[PDB]
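No value in this document is a laboratory result; all are computed from the given coordinates. Reconstructed Cβ throughout: ideal geometry from the backbone, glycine too, with neighbour counts over all protein chains shown.
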Amino acid sequence: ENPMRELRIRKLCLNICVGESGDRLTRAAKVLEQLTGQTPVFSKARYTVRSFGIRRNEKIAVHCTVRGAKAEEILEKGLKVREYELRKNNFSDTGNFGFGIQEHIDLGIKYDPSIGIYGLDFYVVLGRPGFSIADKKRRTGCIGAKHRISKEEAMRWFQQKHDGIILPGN
Amino acid sequence: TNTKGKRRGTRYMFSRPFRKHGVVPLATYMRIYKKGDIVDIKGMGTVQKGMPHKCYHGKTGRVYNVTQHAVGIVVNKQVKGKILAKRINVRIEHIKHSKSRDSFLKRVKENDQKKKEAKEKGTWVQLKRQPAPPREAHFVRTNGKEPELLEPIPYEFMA
Amino acid sequence: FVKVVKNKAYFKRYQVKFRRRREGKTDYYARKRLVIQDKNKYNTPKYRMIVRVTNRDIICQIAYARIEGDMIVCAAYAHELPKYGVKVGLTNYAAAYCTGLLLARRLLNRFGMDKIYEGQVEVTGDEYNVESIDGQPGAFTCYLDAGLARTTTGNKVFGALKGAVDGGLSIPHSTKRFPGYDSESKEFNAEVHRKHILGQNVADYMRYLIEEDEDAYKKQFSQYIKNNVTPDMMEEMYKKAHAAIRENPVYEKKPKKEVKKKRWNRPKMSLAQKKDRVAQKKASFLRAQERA
Amino acid sequence: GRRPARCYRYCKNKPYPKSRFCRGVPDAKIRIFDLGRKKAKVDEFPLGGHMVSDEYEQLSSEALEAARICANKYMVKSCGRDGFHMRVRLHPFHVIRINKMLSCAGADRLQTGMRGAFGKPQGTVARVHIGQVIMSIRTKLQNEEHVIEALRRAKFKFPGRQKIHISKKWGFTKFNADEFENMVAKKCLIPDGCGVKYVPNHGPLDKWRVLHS
Amino acid sequence: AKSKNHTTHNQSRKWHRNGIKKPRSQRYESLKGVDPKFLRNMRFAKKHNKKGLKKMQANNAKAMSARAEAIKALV
RNA sequence: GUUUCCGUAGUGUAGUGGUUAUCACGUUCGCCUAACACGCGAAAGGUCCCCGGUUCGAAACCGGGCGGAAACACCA
RNA sequence: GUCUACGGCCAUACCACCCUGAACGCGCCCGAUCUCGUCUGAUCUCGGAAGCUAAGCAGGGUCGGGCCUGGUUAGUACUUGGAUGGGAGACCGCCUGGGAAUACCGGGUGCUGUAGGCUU
RNA sequence: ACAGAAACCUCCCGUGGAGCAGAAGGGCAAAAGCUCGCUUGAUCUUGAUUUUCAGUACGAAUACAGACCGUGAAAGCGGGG
RNA sequence: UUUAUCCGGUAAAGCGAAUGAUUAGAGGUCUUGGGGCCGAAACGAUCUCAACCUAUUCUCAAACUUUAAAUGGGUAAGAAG
Ligand SMILES: [Mg+2]
Ligand SMILES: [Mg+2]
Ligand SMILES: [Mg+2]
Ligand SMILES: [Mg+2]
Ligand SMILES: [Mg+2]
Ligand SMILES: [Mg+2]
Ligand SMILES: [Mg+2]
Ligand SMILES: [Mg+2]
Ligand SMILES: [Mg+2]
């Protein structure tokens, strides 16, 4: 019997990196738009890199943060493609997790022969009531010792709701 | 020959001491200065506007002005003989109340008080200070010991 | 492994911030610029009206700043307002008015000025700005203190201000942030401040919610149902308050004496009592494993 | 090569550490300020024989080299190759200077005499105060004589004057020899290769829990 | 044709022989240097003093006859 | 010692202002030739001397150095 | 006893971890009718009040790191004046005064300013 | 995910190790670091002082005062950096 | 010359307090490596050397400093109070 340590999803982050700019990026923005239903933020280059074809302050990726129920509704319909199974080393040291997909169509999406197939990074920030203590402005603070989601609490999170196997071996 | 620049040799004066790098505690500009009050200059890095300068870092002078956030202050500065009583316009941050005067004031308040009293007696009280006299004949006593014998101790080479 | 960031060195060199910083409560730079009084004044104070909307209760108080610790001359909270016929919804912009109004009048009862610079009475929601009367005690003034509230248009803070201005303090306030300013035009409606002052925000939420769905009413505001408060009524609770406050602002306290006075913290352990616990162990340990 | 040590025997100048400020320093002659069985233990190797300066002087890097070597040669013989440690405790380190030799050709014509007098880096030297150690050695308690004389020969690569002294500490620790066996047997002191950790009645109790366990 | 490039040698001797006079400070030093808005004002204070002398004189004689009465009531 | 100047493909040498690198020669492969030359088509090849700094970035802009070069070293 | 609001001096206050929260507040919380702010009501604004001290905070704990004192090192190092002191010289000795710092041992762990609660 | 010592994202730590056109030097954090909105306080005008000192200039600075303004809910802050 | 009171960053010290150098061992697949040697290969065994860092230790800094003297520099010790 726990009061409100309802381990629950604070956010779902969708990034679509594509070291290009212009088209091949601008189209990727419509995928997140379509999938989420919110205008995604264009990221840009921290600084220039030569082997890559990217330049400081050039646009590269496009990314979103999805939250509330519509996070649940894209995590579910996310893993599904990864048939409710992940690996041991994605359950991270701070109680977050991450599962990437290969192709954006597999999430109930229509392919246009123009708008190709850019998968995406899904990651999710598990939280808990009273995790906004840090992020607020007045009377900020830190989140206890417990109240911090350990790797192994984030594991049997994912194992008792999406009921995945979480297969070992790296 | 060296550079005349206003802040030479200040590398390690104006430098704030330790673990005080930051917000200037507010008290230090919410105590009141007023003309006649004697004040010790003490330059400070943090604020650079209205700085004094090294040739009077650590001097004292009386105040002759008071502007919105600064204090015009008359200080004596020695210069190949002729000392010059001269006036500068230092921002509050670099200034304190010297407690120099404040032994006297407490000595005055006591003497006027001790003179008004013991006037109804007419007994003459020792008002002036007086330097530390020679320590008076006292006795000592050991009780039931002789004193302890010292010997200088034999040198051996430690390393 | 990694390098341990938090060495001995981390803590030999870590220089604390500056207490009311750690707690995270105070612009001091900005307290600096608010508070410290010019030195063409030496003693005379600088008053600031302090408003921080908490979360349950709005606190407003006039303070002046001394070297031992800023002294509060007058303090008016929101949880007083039951006295003045306002039971509920008392961290709400319209109650910050009454609170700030209270404050202005609890102050102005002292230095005997409740008979002058009343400010606006019927309430409009405009420029009211007090003009000191000649041959009288000149009006009171203070430079509003927001604290840490991102002061966008509509926020309660500079709204409670409107209360203390309306109540007869001469604060420099502009109108650019009162709920009503149009940020694509640059005027008032002012008749939006009408509402915004008297809580027909809350009335019209108490009416969009009700006809759509029941039991979101009651959930969203139970105590707005309980205490037999309604819309329509609302406007004419508050108007009894900015009247009732103004006929009697003064605080009467409540006298206090009883407490038995038990000590139900926990105390500091004395030296010897730590001194043994290590000697108490190490005899619990030694004994335990001189065996198995 | 270099002027004779004479001319840079004495500390006149303020330390010139090799740094940003002087650069192009020829690498110090000496490189190993310890040899023998530096893989020793504290508990098997009990004789902190010392060589100590009696004068405020400078010692060249190249003297230290010789001083070391000639003590590695006599010890070995004496004890064998395994049967000591030698430590030099003056890594030369303020940098010494040379006006650039007043170079001229034949009869010559112009040197400029003194302009830009400031020299260049020549080498490196140690500062040495009185009663300060230069070299130290450890062996078995057995083998005192064979330390004595090894440092004795080293004195002769080496200007001024300096006493050979035998210490009161466990070999290379600071802990006064009359006292280890006790301080170890009860664990004020815990073995740590060459040296030893002094462990006090200070830290968390679970640190202790590991000992006396 | 080289030479000396300073010294501050006998010197102490000189700028000291005649003394080093700690500047002779009068009472009533000049108000030049002070913020004009002081003086702008304290001159209206100083100028309109005499306006208010009738009070001053009578109010003096009140205290003088009250303290002629205080010292005489002691007698 | 001090004052200049260079260093870039296997070699001789261009080149830019801070996005990019050449020529000729050499060489590898075909062709033509009975076979070599010559001629004609294809080709691959350096951290732009070693460095640290600045900068989006340096072969190129600073500072240090290392190798190769040049020029002075006048009154006695 | 204790808290809140505003505070002073800024670690005896920090940090790391362990323990407990009666009431009021202080918090966590619930939502987007409006104001307002976002990619996202994640932060700010606002309207609330269905839960729980999960954390902050507060209260406590650690032969806990740190900071703050004491001791010790040590009358050591260093130094004002002093000598027709020693010493080939480096340097060293004394006389008259002043007199540090580490390692190593101890103790402590924030004091209070105004306004207002609660324990009636 | 592709993604590798380096693209992109998210959590944690992060007293200051960045950053603050430059030599260093001093200064700096819900700043003086970074991002955006609004702009001309780089504006007009007397005087006082500091610094270089002879306590002469220039340059550079500090305090005030008078106008006219930007900014900000406002206190102030701002006469180049 | 005292007594108050500021000011002060040199000698010394420390560097198990920041920066900068630097010896040594215990310790650590931290990392990682590049070589071995035993291993097809295997954080497999054992070596080894790099680099890092966990407790340590040697020795230093004019263009370092937690500390930090001696000698020194302001004021003040009243009728102008
Ligand atoms: Mg602000
Ligand atoms: Mg919300
Ligand atoms: Mg709690
Ligand atoms: Mg709890
Ligand atoms: Mg401790
Ligand atoms: Mg003599
Ligand atoms: Mg700011
Ligand atoms: Mg002006
Ligand atoms: Mg100096």
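Can I get the semi-axes of the protein assembly as shown's equivalent ellipsoid? Compute them from the C-alpha gyration tensor as square roots of 5 times the eigenvalues, in angstrom, largest first. Intermediate results must be reported in sequence, preceding the final value.
Details: eigenvalues 914, 627, 258 Å².
Values for the protein assembly as shown, descending: 68, 56, 36 Å.
Which parts of the range B:68-109 would a label at residue E:14 reach, counting a residue when its backbone N lies under 13 Å from a point 7 Å out along Cα-to-Cβ?
B:80-82
Using a Förster radius of 35 Å, what is the FRET efficiency between residue C:261 and residue B:107 based on their Cβ-Cβ separation? Nearest 0.05, please.
Numbers: r = 46 Å, r/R0 = 1.32.
Rounded to the nearest 0.05, the efficiency is 0.15.
Considering the Cα trace of the range D:129-213, what is its radius of gyration and what is Dmax, both in angstroms?
17.4, 54
Under the rule that an exposed site lies in a DSSP loop and has at most 16 other Cβ atoms within 10 Å, name the longest stretch of chain D with no chymotrypsin sites (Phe, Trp or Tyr not before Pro) of that kind, not counting the sites themselves.
D:119-213
Pairs C:12/D:169; A:137/C:176; D:39/D:169: which are spaced more than 26 Å apart, C-alpha to C-alpha?
Violating the 26 Å Cα-Cα cut-off are C:12/D:169.
Suppose every K and R has +1 on its Cβ and every D and E has -1 on its Cβ; what is the size of the dipole of chain C about the Cα centre, in Debye to the nearest 20?
Working: 59 positive and 34 negative charges, 832 e Å.
Computed about the Cα centre, the dipole is about 4000 debye.
How do the peptides E:25-36, B:54-65, D:43-54, A:132-143 rank, highest first, by the average count of neighbouring beta carbon atoms within 10 Å per residue?
So the order, starting with the most tightly packed, is D:43-54, B:54-65, A:132-143, E:25-36.
Going down the list B:35/C:46; A:44/C:186; B:35/B:121, which pairs span over 32 Å between their C-alpha atoms?
Long pairs (Cα-Cα over 32 Å): A:44/C:186; B:35/B:121.
Taking beta carbons within 10 Å but only from partner chains, what does the mean come to for residues C:271-284? Walk me through the intermediate numbers first.
Numbers: counts 0, 0, 0, 0, 0, 0, 1, 3, 0, 0, 3, 4, 0, 0.
Counting other chains' Cβ atoms within 10 Å and averaging over C:271-284 gives 1.
Measure out, as a whole number of angstrom, how far apart the alpha-carbon centroids of the range D:44-59 and the range E:18-75 sit.
What the calculation gives is 81 Å, centre to centre.
Magnitude of the Cβ-charge dipole of the protein assembly as shown, K/R +1 and D/E -1, about the Cα centre, nearest 20 debye?
The calculation lands at about 7100 debye.
Quote the relative contact order of chain B in percent (integer), defining contacts as alpha-carbon pairs under 8 Å separated by 6+ residues.
Relative contact order, chain B: 17 percent.
Using the per-residue mean of other Cβ atoms lying within 10 Å as a proxy for protection, in what order, highest first, do the peptides C:120-126, C:78-84, C:186-192 fall?
Working: C:120-126: 15.7, C:78-84: 18.4, C:186-192: 13.9.
Highest-to-lowest ranking by the protection proxy: C:78-84, C:120-126, C:186-192.
What's the average, rounded to a whole number, of partner chain beta-carbon atoms within 10 Å of each residue's beta-carbon in C:35-41?
Whole-number average of other-chain Cβ neighbours for C:35-41 is 6.
In the range C:211-292, which chymotrypsin sites (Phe, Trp or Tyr not before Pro) are in a loop and have at most 12 other Cβ atoms within 10 Å, using DSSP for the loop call?
Answer by residue number: C:264.
Which residue, D:189, D:110, D:151, has the most motion in a Gaussian network model of chain D that connects Cα atoms within less than 10 Å?
D:110
If each of residue B:159 and residue D:179 carries a label point 7 Å out from its Cα toward its Cβ, how far apart are those two points in nm?
1.9 nm
Rounded to the nearest 0.05, what FRET efficiency do residue C:110 and residue B:59 have when you use their Cβ-Cβ distance and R0 = 51 Å?
Efficiency at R0 = 51 Å is approximately 0.65.
Of the options B:152, B:61, B:134, report the single residue whose Cα projects farthest towards the positive end of the charge dipole of chain B (beta-carbon charges: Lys, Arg +1; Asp, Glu -1).
Value computed over the given set: B:61.
Roughly how many debye, to the nearest 20, is the charge dipole of the range B:6-149 about its Cα centre, given +1 on each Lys and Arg Cβ, -1 on each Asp and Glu Cβ, and no other charges?
Rounded to the nearest 20 debye, it is 860 debye.
Given the options C:143, C:90, A:29, identify the residue whose Cα lies farthest towards the positive end of the charge dipole of the protein assembly as shown (+1 on Cβ of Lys, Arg; -1 on Cβ of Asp, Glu).
Highest projection toward the positive end goes to C:143.
Checking the cross-link filter: which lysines have an alpha carbon closer than 27 Å to that of residue A:151, excluding same-chain neighbours under 8 positions apart?
Of all the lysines, those that pass the test against residue A:151 - Cα under 27 Å, at least 8 places apart if same chain - are A:11, A:70, A:77, A:80, A:88, A:136, A:161, C:3, C:6.
Just tell me which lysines come within less than 21 Å, Cα to Cα, of residue B:6; anything on the same chain fewer than 8 places away is out.
B:42, B:49, B:54, B:59, B:77, B:80, B:86
Do any GluC sites (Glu not before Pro) in the range A:78-170 lie in a loop, going by DSSP, with at most 10 other beta-carbon atoms within 10 Å of their beta carbon, and if so which?
Sparse-neighbourhood loop GluC sites (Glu not before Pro): A:83.
What length, rounded to one decimal in nm, is gained on full extension from residue D:43 through to residue D:186, with 0.36 nm per residue of separation minus their alpha-carbon distance?
The span from residue D:43 to residue D:186 would gain 50.0 nm if fully extended.
Over chain C, what is the relative contact order in whole percent, taking alpha-carbon pairs under 8 Å and six or more residues apart?
Relative contact order for chain C comes out at 17 percent.
Among D:111, D:162, D:132, which one moves the most in a GNM of chain D with springs linking Cα atoms closer than 10 Å?
D:111
Which whole-Hz ³J(HN,Hα) couplings does the range C:64-73 yield from phi under the Karplus relation 6.51 cos²θ - 1.76 cosθ + 1.60, θ = phi - 60°, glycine and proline marked x?
Computed from phi, the couplings for the range C:64-73 are 10, 10, 9, 4, 7, x, 2, 8, 9, 8 Hz.
Which one, A:169, C:242, A:13, is farthest towards the positive end of the dipole of the protein assembly as shown when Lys and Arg carry +1 and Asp and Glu -1 on their Cβ?
Of A:169, C:242, A:13, it is C:242.
Name the residue, out of B:75, B:66, B:24, whose mean-square fluctuation peaks in a Gaussian network model built on chain B with Cα pairs under 10 Å.
Comparing B:75, B:66, B:24 in the GNM, the peak value goes to B:24.
Which of the pairs B:99/C:41; D:168/D:197; D:140/D:207 have their Cα atoms more than 25 Å apart in this structure?
Result: D:140/D:207 exceed 25 Å.
Amide H neighbours of residue B:69 under 5 Å, at least 5 residues apart or on other chains, H built in the peptide plane: list them.
Those qualifying (amide H under 5 Å, at least 5 residues apart or on another chain) are C:39.
Check which residues have an amide H placed less than 5 Å from residue D:34's amide H, if you skip close sequence neighbours.
It is D:88, by chain and number.
Which angle from 0 to 90°, rounded to the nearest 10, does the C-alpha axis of helix E:53-74 make with the longest principal axis of chain E?
Result, in degrees: 80.
Please compute the modelled spin-label separation between residue C:191 and residue D:78, points set 7 Å along Cα→Cβ, answer in nm with one decimal.
Result: 10.9 nm between the two label points.
Can you give the FRET efficiency for residue A:2 and residue C:253, using 1/(1 + (r/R0)^6), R0 = 45 Å, r = Cβ-Cβ distance, to the nearest 0.05?
Taking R0 as 45 Å, the efficiency between residue A:2 and residue C:253 is 0.55.
Averaged over peptide B:69-81, how many Cβ atoms belonging to another chain are found within 10 Å of each residue's Cβ?
Rounded to a whole number, the mean comes out at 3.
According to a simple spin-label model (label point 7 Å from Cα along Cα-to-Cβ), what is the distance in nm between residue B:1 and residue C:9?
About 4.5 nm separates the two model spin labels.
Between residue D:14 and residue D:213, what length in nm is gained on full extension when 0.36 nm per residue of separation is reduced by their alpha carbon distance? Before the final figure, lay out each step's value.
Working: separation 199, 0.36 × 199 = 71.64 nm, distance 5.35 nm.
Here the segment from residue D:14 to residue D:213 would lengthen by 66.3 nm.
Enumerate the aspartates and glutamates that residue A:146 could reach by cross-link, defined here as Cα to Cα under 19 Å, with residues fewer than 8 away along the same chain left out.
A:1, A:6, A:93, A:135
Taking every eigenvalue of the Cα gyration tensor of chain B, multiplying by 5 and rooting it, what semi-axes result, largest first, whole Å?
The three semi-axes for chain B are 44, 33, 18 Å.
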